[PDB]
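I have placed the structure first, in the form of structure tokens, so that the comments after it can refer back to it.
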Amino acid sequence: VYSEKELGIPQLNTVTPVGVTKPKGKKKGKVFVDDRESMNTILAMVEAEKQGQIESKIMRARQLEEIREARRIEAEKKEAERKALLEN
Amino acid sequence: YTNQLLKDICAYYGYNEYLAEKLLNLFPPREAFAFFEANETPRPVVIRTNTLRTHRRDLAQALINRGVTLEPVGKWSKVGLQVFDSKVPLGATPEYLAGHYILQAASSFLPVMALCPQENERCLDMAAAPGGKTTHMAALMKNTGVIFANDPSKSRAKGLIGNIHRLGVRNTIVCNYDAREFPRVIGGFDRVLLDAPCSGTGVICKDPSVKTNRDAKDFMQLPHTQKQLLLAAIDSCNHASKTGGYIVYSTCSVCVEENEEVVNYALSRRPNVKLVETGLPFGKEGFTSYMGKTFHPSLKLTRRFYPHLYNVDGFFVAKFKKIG
Amino acid sequence: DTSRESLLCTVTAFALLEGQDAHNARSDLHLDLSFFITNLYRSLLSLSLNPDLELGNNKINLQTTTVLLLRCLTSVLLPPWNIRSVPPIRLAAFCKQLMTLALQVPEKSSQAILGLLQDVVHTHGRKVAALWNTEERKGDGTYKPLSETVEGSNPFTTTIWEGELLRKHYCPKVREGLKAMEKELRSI
Amino acid sequence: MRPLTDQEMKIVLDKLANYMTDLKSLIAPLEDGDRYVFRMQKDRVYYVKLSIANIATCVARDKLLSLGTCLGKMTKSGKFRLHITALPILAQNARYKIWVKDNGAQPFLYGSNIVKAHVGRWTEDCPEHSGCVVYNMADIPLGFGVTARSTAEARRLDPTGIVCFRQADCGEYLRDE
Amino acid sequence: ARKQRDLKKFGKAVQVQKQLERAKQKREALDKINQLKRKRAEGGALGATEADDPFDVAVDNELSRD
Amino acid sequence: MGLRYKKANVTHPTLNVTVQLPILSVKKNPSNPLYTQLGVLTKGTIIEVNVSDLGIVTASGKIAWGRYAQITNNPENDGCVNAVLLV
RNA sequence: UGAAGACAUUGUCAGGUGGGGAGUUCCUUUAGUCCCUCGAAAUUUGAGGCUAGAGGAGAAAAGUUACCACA
């Protein structure tokens, strides 16, 4: 038994797509984000992770939609930053 | 005669021939002898009460409850508490570990009350090596504003960060910068504070190397460095503010090249500085002339502190105002 | 309803700890109320808002929530066992909220709330007297009246001024207990 | 002074929430309108007001030493550790508290795990492993740690039996001197 | 398992070269201090207090003064 | 506590004097770099000693405060710690 | 047309930082010229300049410890 990260396993094209695979070690990059209101929803997400899944289907769907609205807000800020970079 | 007095004093106290001659000059003869007793003699141990987590009376009751013999010291301080005897070590008490009180000296108290730090005010400290002054200033603004802690040595910075975060300060940033370069970095503060590197004649009990290891060459470069240190203090403060901001000049030396000469050089080079009454309760006025050279009569408002009069270390305090 | 049912459950769990064999079972069980005082602290606002406090040898089955609040608030700040072993922030916060209870309460519940809190000060004294005096005030951070925990609020920063508001309350009855509160305070 | 990313944000608040009861007061807008923001310097994270964070951007990154209150350290494997620097905010709104006697108070300062014979009073609703913050009589914050055993099981051990674990204690301020 | 088999067969041999180099580290450090002995006994030119560099940096600085 | 020493007997090859001066720090124990960190006093271990009482005049007219001193005895076998100044 | 109100706010220069975005593939240790510049000192110093002895796939993660816990 060994860790999968240590094994050089190629990425497989499942129902979840591979996207564009980045080379390992050679110019591997990452991203950057802090936020104010979306990170407030990450607070709302983590007690929901800590206190477990909600037995109420209404409250579980309501808290998932709040994270969806946070992703929609975070995405709209990202295209706004892309438009600002195109203007500059 | 005087020459017999210098040779006898250097032999029995072990001073260097130079620094004994300089210190003999600034005193009357019987006053010099009483001063040489005290500065070699160890000083009393003093405690600063953290106003944030505790206050004077309930901390005092707590330490006597742990066996510590205390006494409120003076009418000068509502914050100071002298110690006389302690079964438990002072750093061992759980009040210390929470940051209810901090070890200081008396001379670390008075620059902070020379300053008058108010809430929501941007302040500074060019040398905060033990960190007692910085924790005292934050006790007065009640956890508001911002303090820029500065010290040019990383080794002292570890004790700074340890002392600050124990005391619960939450508002200080500490940078390892030469403070000559500091107004180029930011500038525009309210109340700047400077405890310059000095010759250390004011305190020989803590550092007994100044008895001999301080000569003619050291008395030129060291006051030279206070000048570039001190001119940076005006060039970093604000000429105007919603709450008026003042500089404070504090040195741990009794020398006359280190003290009352640097402030003469500063007030001559920058005419947009005045000096008024410094707010400390007691003290002795500075000398307007020492060796044929005249200083402006604003130095009568400066306060000098001496081991023989008060059981404190040798100190100079002066506060500045910025105009333009 | 829910305010009463919690208060019926309130003096209940305080009675189980009040058991002599059960206090001898403090070292034979964890029976701890630090979850439950925090429930009373966050509900002291809601209990103050409800004017249903007075309605038409028993420990639990008393109907009115005025005496239920008393037997609660007696057991919190004056335990039978370990009477003088009480945490300080619990004394500072519950007495400060008692001043808020002294604002929104009817008259009969007021005197007994008043008549309780000299007994709190007369037994504790200097541990709570830091609040009434501003030289004994800690300056850590501003006061947060709506906190989820008793230690979350920091009542050592705020002094007490609602005693002044109770002089403005009917003098003949309420003001008597106020002087009795301040006289026992000076007598300490 | 790199602010935390998405992945790093869930790690710090997770182990925070295993010790905290109200996560909303920590990130709350205050009267001046400025909030408390989390930055990180040299693989350790700092908990700071936003305004003092903003004027901290002037110092050079590998030149600045420390800033505000240190919440803890990022480990090499990506986990998060708490230091006793995090204690003043951690004890401000703690969720489970332990009181120890004076003969057990100094053991924590020397660095022992909490044993049954020193506890002054407990809190309920503690599972077999729950984070807790320890005080003396005077509610002086002494440290934080995890409960060793549950509400029933911790006491049915011996009076020489460890009741709560040591994680961090105020005595580490006595080290860097 | 190839790596495990190599240190299987080496075993004691790693211990022998290990004991030899630490004794070589003892010999060179003692010999380094002996060079400091003949340095100061023949000449010198020092400070009042003493340099805050640790060893093998400080001692190399005094050897560079030759 | 009983295995701790704060003072060592230190010989000065010039002026041929032995005195007691305090130990300031342990610089290098060549037997083990681990033993250097706790400050284990073995043979040929360099310590820093206060040379204030000697008053040896350095260059530029300055009085020394800390010198190298090699421990020349085995302090585990005999109680006294003995050393020679490296001057 | 009313309120705030010379507060903000705004823009331009001169800076600091910049783990972020776009491209891209000199410092360290030591000494001297006590020569030049800026400082300081009742005449001598300090800080920069210049010169010469020795070193050099790229924010994703790497080398090391007479160290800790585990296997």
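Ordered as shown in the structure tokens, chains take letters A, B, and onward, while each chain numbers its residues from 1 and ligands are numbered from 1 in the order shown.
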
Practice prompt. Restrict the distance test to only C-alpha atoms (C1' of nucleotides), flag each residue of chain G within 12 Å of chain B, and return the flagged residues as a list in words.
Written response: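 The answer, sorted by residue number, is residues 14, 15, 16, 17, 39, 40, 41, 42, 44, 45, 46 and 47 of chain G.
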
Item to complete: Could you find all residues in chain F that DSSP calls strand (DSSP E) from the backbone, and write them as an MDAnalysis selection string?
Response: chainID F and resid 7:12 17:28 46:49 67:71 82:85

With N, CA and C atoms retained, could you export that selection as an mmCIF file, in the first residue's frame?
data_model
loop_
_atom_site.group_PDB
_atom_site.id
_atom_site.type_symbol
_atom_site.label_atom_id
_atom_site.label_comp_id
_atom_site.auth_asym_id
_atom_site.auth_seq_id
_atom_site.Cartn_x
_atom_site.Cartn_y
_atom_site.Cartn_z
ATOM 1 N N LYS F 7 31.340 28.043 37.563
ATOM 2 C CA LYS F 7 32.657 28.636 37.726
ATOM 3 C C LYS F 7 33.716 27.591 37.416
ATOM 4 N N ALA F 8 34.801 28.023 36.783
ATOM 5 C CA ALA F 8 35.871 27.128 36.376
ATOM 6 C C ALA F 8 37.214 27.698 36.804
ATOM 7 N N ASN F 9 38.167 26.802 37.039
ATOM 8 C CA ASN F 9 39.530 27.188 37.380
ATOM 9 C C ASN F 9 40.299 27.356 36.079
ATOM 10 N N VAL F 10 40.725 28.582 35.796
ATOM 11 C CA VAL F 10 41.263 28.944 34.492
ATOM 12 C C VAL F 10 42.680 29.477 34.648
ATOM 13 N N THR F 11 43.596 28.908 33.873
ATOM 14 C CA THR F 11 45.002 29.278 33.905
ATOM 15 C C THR F 11 45.307 30.223 32.754
ATOM 16 N N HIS F 12 46.125 31.230 33.023
ATOM 17 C CA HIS F 12 46.584 32.143 31.987
ATOM 18 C C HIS F 12 48.057 31.866 31.734
ATOM 19 N N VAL F 17 49.027 32.637 36.226
ATOM 20 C CA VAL F 17 48.067 32.808 37.311
ATOM 21 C C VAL F 17 46.867 31.916 37.025
ATOM 22 N N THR F 18 46.355 31.253 38.057
ATOM 23 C CA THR F 18 45.064 30.585 37.999
ATOM 24 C C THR F 18 44.105 31.296 38.940
ATOM 25 N N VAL F 19 42.889 31.564 38.466
ATOM 26 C CA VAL F 19 41.834 32.184 39.259
ATOM 27 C C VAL F 19 40.517 31.479 38.959
ATOM 28 N N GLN F 20 39.495 31.810 39.739
ATOM 29 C CA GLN F 20 38.128 31.390 39.467
ATOM 30 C C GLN F 20 37.396 32.504 38.737
ATOM 31 N N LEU F 21 36.950 32.220 37.523
ATOM 32 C CA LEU F 21 36.106 33.157 36.805
ATOM 33 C C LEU F 21 34.865 32.446 36.292
ATOM 34 N N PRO F 22 33.740 33.156 36.184
ATOM 35 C CA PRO F 22 32.494 32.498 35.775
ATOM 36 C C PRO F 22 32.517 32.026 34.333
ATOM 37 N N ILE F 23 31.726 30.994 34.077
ATOM 38 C CA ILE F 23 31.509 30.479 32.733
ATOM 39 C C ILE F 23 30.352 31.257 32.122
ATOM 40 N N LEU F 24 30.544 31.760 30.902
ATOM 41 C CA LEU F 24 29.483 32.520 30.251
ATOM 42 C C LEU F 24 28.649 31.637 29.332
ATOM 43 N N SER F 25 29.303 30.863 28.474
ATOM 44 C CA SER F 25 28.605 29.962 27.569
ATOM 45 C C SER F 25 29.573 28.877 27.127
ATOM 46 N N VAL F 26 29.013 27.802 26.586
ATOM 47 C CA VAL F 26 29.786 26.685 26.058
ATOM 48 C C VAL F 26 29.789 26.811 24.545
ATOM 49 N N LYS F 27 30.978 26.902 23.960
ATOM 50 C CA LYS F 27 31.078 27.224 22.544
ATOM 51 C C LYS F 27 31.038 25.982 21.662
ATOM 52 N N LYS F 28 31.951 25.037 21.871
ATOM 53 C CA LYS F 28 31.960 23.828 21.060
ATOM 54 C C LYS F 28 32.489 22.657 21.870
ATOM 55 N N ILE F 46 35.578 24.071 24.528
ATOM 56 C CA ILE F 46 35.869 25.497 24.594
ATOM 57 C C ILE F 46 34.683 26.217 25.224
ATOM 58 N N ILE F 47 34.960 27.009 26.256
ATOM 59 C CA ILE F 47 33.950 27.777 26.966
ATOM 60 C C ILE F 47 34.326 29.250 26.902
ATOM 61 N N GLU F 48 33.354 30.117 27.168
ATOM 62 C CA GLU F 48 33.600 31.549 27.266
ATOM 63 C C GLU F 48 33.604 31.947 28.737
ATOM 64 N N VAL F 49 34.660 32.634 29.173
ATOM 65 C CA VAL F 49 34.867 32.966 30.579
ATOM 66 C C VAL F 49 35.020 34.475 30.732
ATOM 67 N N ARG F 67 36.748 35.533 26.813
ATOM 68 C CA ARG F 67 37.793 34.869 26.049
ATOM 69 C C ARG F 67 37.434 33.404 25.833
ATOM 70 N N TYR F 68 38.145 32.777 24.902
ATOM 71 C CA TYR F 68 38.130 31.323 24.776
ATOM 72 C C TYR F 68 38.910 30.677 25.913
ATOM 73 N N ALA F 69 38.439 29.520 26.368
ATOM 74 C CA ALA F 69 39.151 28.706 27.345
ATOM 75 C C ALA F 69 38.854 27.239 27.083
ATOM 76 N N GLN F 70 39.901 26.444 26.880
ATOM 77 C CA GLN F 70 39.739 25.017 26.638
ATOM 78 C C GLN F 70 39.789 24.264 27.960
ATOM 79 N N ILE F 71 38.819 23.379 28.178
ATOM 80 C CA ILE F 71 38.804 22.561 29.382
ATOM 81 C C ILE F 71 39.844 21.460 29.249
ATOM 82 N N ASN F 82 38.664 22.432 35.264
ATOM 83 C CA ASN F 82 39.935 23.104 35.039
ATOM 84 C C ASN F 82 40.053 23.501 33.574
ATOM 85 N N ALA F 83 40.699 24.637 33.326
ATOM 86 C CA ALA F 83 40.800 25.172 31.977
ATOM 87 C C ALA F 83 42.026 26.063 31.866
ATOM 88 N N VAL F 84 42.407 26.349 30.625
ATOM 89 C CA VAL F 84 43.492 27.269 30.310
ATOM 90 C C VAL F 84 42.958 28.321 29.342
ATOM 91 N N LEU F 85 43.331 29.578 29.564
ATOM 92 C CA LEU F 85 42.922 30.633 28.650
ATOM 93 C C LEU F 85 43.646 30.474 27.323
#

Worksheet item: Neighbours of range 141-154 of chain C within 10 Å (only C-alpha atoms (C1' of nucleotides); same-chain residues fewer than 2 positions away dropped), as a VMD selection string?
Response: (chain B and resid 52 to 53 142 to 144) or (chain C and resid 34 to 35 37 to 42 45 87 to 94 96 to 97 138 to 139 156 to 158) or (chain D and resid 21 to 22 25 91 to 95 97 139)

Item to complete: Can you work out the spacing between CA of residue 10 in chain E and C1' of residue 62 in chain G in Å, to one decimal?
Response: 29.0 Å

Item to complete: May I ask for the distance between CA of residue 75 in chain C and CA of residue 14 in chain C, given in Å to one decimal place?
Response: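 Distance reported for this atom pair: 6.7 Å.
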
Give one line per residue of range 94-204 of chain B that approaches range 73-85 of chain D to at most 9 Å, naming the two atoms of the closest pair and their distance in Å to one decimal, counting only C-alpha atoms; sort by chain then ascending residue number and deliver it as a Markdown table.
| residue | atom | partner | partner_atom | distance |
| --- | --- | --- | --- | --- |
| B:162 | CA | D:85 | CA | 8.8 |
| B:165 | CA | D:85 | CA | 5.8 |
| B:166 | CA | D:85 | CA | 6.9 |
| B:168 | CA | D:85 | CA | 8.4 |

Response to the item:
In Å and to one decimal, CA of residue 204 in chain B is distant from CA of residue 159 in chain B by 22.2 Å

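Any residue of chain G with an atom no more than 12 Å from chain F counts as a contact; using only C-alpha atoms (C1' of nucleotides), that gives residues 65, 66 and 67 of chain G.
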
Practice prompt. Do a neighbour search on residue 243 in chain B at 9 Å with only C-alpha atoms (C1' of nucleotides), toss out local chain neighbours closer than 3 positions, and write the hits as a PyMOL selection string.
Written response: chain B and resi 118+121+190+240

Store the residues picked out above, limited to N, CA, C and O atoms, as a CSV table (one decimal), in the first residue's frame.
chain,number,residue,atom,x,y,z
B,118,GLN,N,-2.9,58.8,22.4
B,118,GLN,CA,-4.3,58.8,22.4
B,118,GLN,C,-4.8,57.7,21.5
B,118,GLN,O,-4.1,57.0,20.8
B,121,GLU,N,-4.5,56.5,17.0
B,121,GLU,CA,-3.3,57.3,16.6
B,121,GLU,C,-2.2,56.4,16.1
B,121,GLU,O,-1.9,55.4,16.7
B,190,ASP,N,2.0,60.2,14.0
B,190,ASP,CA,1.6,61.2,15.0
B,190,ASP,C,2.7,61.3,16.0
B,190,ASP,O,3.4,62.4,16.1
B,240,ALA,N,1.0,68.6,10.9
B,240,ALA,CA,-0.4,68.9,11.4
B,240,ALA,C,-1.1,67.5,11.5
B,240,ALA,O,-0.8,66.6,10.7

Worksheet item: If we count only C-alpha atoms, which residues of chain D reach to within 12 Å of chain C? Please list them as JSON, numbers by chain.
Response: {"D": [20, 21, 22, 23, 24, 25, 26, 30, 31, 88, 89, 90, 91, 92, 93, 94, 95, 96, 97, 98, 99, 100, 101, 116, 117, 118, 119, 120, 121, 122, 123, 124, 125, 126, 133, 135, 136, 137, 138, 139, 140, 141, 149, 150, 151, 152, 153, 154, 155, 156, 157, 158, 159, 163]}

For the interface of chain F with chain E (cut-off 7 Å, counting only C-alpha atoms), please tabulate each contacting residue of chain F alongside its nearest pair of atoms and their separation in Å to one decimal, rows sorted by chain and increasing number, as JSON lines.
{"residue": "F:28", "atom": "CA", "partner": "E:55", "partner_atom": "CA", "distance": 6.9}
{"residue": "F:30", "atom": "CA", "partner": "E:26", "partner_atom": "CA", "distance": 5.6}
{"residue": "F:31", "atom": "CA", "partner": "E:26", "partner_atom": "CA", "distance": 6.0}
{"residue": "F:58", "atom": "CA", "partner": "E:48", "partner_atom": "CA", "distance": 6.4}
{"residue": "F:59", "atom": "CA", "partner": "E:45", "partner_atom": "CA", "distance": 5.7}
{"residue": "F:62", "atom": "CA", "partner": "E:48", "partner_atom": "CA", "distance": 6.1}
{"residue": "F:63", "atom": "CA", "partner": "E:48", "partner_atom": "CA", "distance": 5.8}
{"residue": "F:64", "atom": "CA", "partner": "E:48", "partner_atom": "CA", "distance": 4.2}
{"residue": "F:65", "atom": "CA", "partner": "E:49", "partner_atom": "CA", "distance": 5.1}
{"residue": "F:66", "atom": "CA", "partner": "E:49", "partner_atom": "CA", "distance": 5.0}
{"residue": "F:67", "atom": "CA", "partner": "E:50", "partner_atom": "CA", "distance": 6.4}
{"residue": "F:86", "atom": "CA", "partner": "E:37", "partner_atom": "CA", "distance": 6.5}
{"residue": "F:87", "atom": "CA", "partner": "E:40", "partner_atom": "CA", "distance": 5.6}

Item to complete: With a distance cut-off of 9 Å and only C-alpha atoms (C1' of nucleotides), select the neighbouring residues of residue 61 in chain F, excluding the residue or stretch itself and same-chain residues fewer than 5 positions from it, and output the selection as a list in words.
Response: residues 212, 213 and 215 of chain B

Would you mind listing, for every residue of chain G within 10 Å of chain A, the two atoms forming the shortest contact and the distance between them in Å to one decimal, using only C-alpha atoms (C1' of nucleotides), sorted by chain and ascending residue number, as a tab-separated table?
residue	atom	partner	partner_atom	distance
G:19	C1'	A:32	CA	9.7
G:20	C1'	A:32	CA	7.1
G:21	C1'	A:85	CA	8.3
G:57	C1'	A:26	CA	7.4
G:58	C1'	A:27	CA	8.6
G:59	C1'	A:29	CA	8.2
G:60	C1'	A:28	CA	5.0
G:61	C1'	A:25	CA	8.0

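Look at residue 20 in chain A: the protein and nucleic acid residues within 12 Å of it, using only C-alpha atoms (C1' of nucleotides) and passing over chain neighbours fewer than 5 places away, are residues 11, 12 and 13 of chain A.
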